[PDB]
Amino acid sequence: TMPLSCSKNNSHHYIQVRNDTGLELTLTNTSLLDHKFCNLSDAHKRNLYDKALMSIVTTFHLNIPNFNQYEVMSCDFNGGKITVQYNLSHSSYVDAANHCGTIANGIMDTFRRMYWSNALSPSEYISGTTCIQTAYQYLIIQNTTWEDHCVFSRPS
């Protein structure tokens, strides 16, 4: 049994990239990845990670600033299906500002502005970008299907 993505305590949205498969982005306080690794030494896994993230950037038309910043992250695969977990650092205004030039923040600002969440707030405005503040501890991405997007798929 795995926890739900479509829950009252979470925010979620599903990107359909092709007829069958897509990405489910989930803001939650439950984590699915125990470790803190992102073993991408194989070229094929490193490219599936690039492609999941590219499909989010193009659909949301994200323009991520370069601030020499970095969001804590673990990743993992289950038979070619990626699971990416960001351990967010945006609980304060200072933390939101220091983790602003990241894919996580651009995603969250899309949730805030499409009203898919109420727990996202503005912090600092810089370079035409909004730094997002939130109490959510994780942002989860999984390569999944439309029929399963409401339940977290097994990561490994």
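The first residue of the shown sequence is 1; numbering continues from there.
- Of the two segments examined, 143 to 151 and 15 to 23, it is 15 to 23 that shows the higher average Cα temperature factor in the deposited entry.
- Checked against the record, the higher mean CA B factor of 51 to 59 and 28 to 36 lies with 28 to 36.
- Looking at 91, 98, 66, 123, the one whose CA carries the top B-factor in the deposited record is 123.
- Of the residues listed, 114, 43, 131, 103, the entry assigns the biggest Cα temperature factor to 114.
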